[PDB]
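Q: After the structure tokens below, expect a handful of questions from me.
Read-outs throughout are calculated quantities, based only on the coordinates presented, and are distinct from any laboratory measurement. Ideal geometry is used to build each Cβ from the backbone, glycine not excepted, and the neighbour counts take in all protein chains shown.
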Amino acid sequence: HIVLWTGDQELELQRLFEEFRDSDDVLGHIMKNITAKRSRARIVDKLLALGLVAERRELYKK
């Protein structure tokens with residue numbers, strides 16, 4: 001794996017998150033669509049660090 005994000009990798013993460021956030025497996029759809037190898041837990045932490053979600057439970061809303 002890698003653990004840092006280039007500017008373009010961050011923008012890609014955001015586009016995929018925006019698309020898949022209402023699915024039942026947002027992280028799975030993100031991971032299927034990025035080329036870099038990354039762990040699920042690190043991607044979750046990056047979504048939090050960017051403020052795309054404010055806390056973990058927002059990744060799976062009712």
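Q: I need the full set of residues from the stretch 20-62 which are charged (D, E, K, R), under 17 Å from residue 5 (Cβ atoms) and either touching a strand residue (DSSP E or B) at 6+ places or on another chain (Cβ under 9 Å) or surrounded by fewer than 11 Cβ atoms within 10 Å (Cβ to Cβ) (or both), in order please.
A: Quick first cut of the stretch 20-62, residues charged (D, E, K, R) only: 21-22, 24-25, 32, 37-38, 40, 42, 45-46, 55-58, 61-62.
If we keep only those that are under 17 Å from residue 5 (Cβ atoms) too, we end up with 37-38, 40, 42, 45-46.
Within the stretch 20-62, 37 is the sole residue that qualifies.
Q: Could you please find all residues in the stretch 25-42 being in contact (Cβ under 8 Å) with a residue 24 or more places away in the chain, out of contact with any helix residue (DSSP H, G or I) (no Cβ under 6 Å at 6 or more places or on another chain) and not polar (S, T, N, Q)?
A: Here is the first cut: in the stretch 25-42, the ones in contact (Cβ under 8 Å) with a residue 24 or more places away in the chain are 26-27, 34, 36-39, 42.
Still in the running and out of contact with any helix residue (DSSP H, G or I) (no Cβ under 6 Å at 6 or more places or on another chain): 34, 36-39, 42.
34, 36, 37, 38, 42, listed by residue number.
Q: Out of everything in the stretch 1-19 that is closer than 21 Å to residue 62 by Cα and crowded, with 16+ Cβ neighbours inside 10 Å, what residue ends up being farthest from the chain's Cα centre (by Cα)?
A: 16
Q: Would you pick out the residues in the stretch 29-50 that are under 23 Å from residue 62 (Cα atoms), out of contact with any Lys or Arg (no Cβ under 8 Å at 6 or more places or on another chain) and not basic (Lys, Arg)?
A: Within the stretch 29-50, the first condition is being under 23 Å from residue 62 (Cα atoms), and the residues that meet it are 29-31, 40-41, 43-50.
Within this subset, residues satisfying the condition of being out of contact with any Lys or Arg (no Cβ under 8 Å at 6 or more places or on another chain) are 29-30, 40-41, 43, 45-47, 49-50.
Once the filter is applied, which keeps residues that are under 23 Å from residue 62 (Cα atoms), out of contact with any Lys or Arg (no Cβ under 8 Å at 6 or more places or on another chain) and not basic (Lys, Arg), the stretch 29-50 yields 29, 30, 41, 43, 45, 47, 49, 50.
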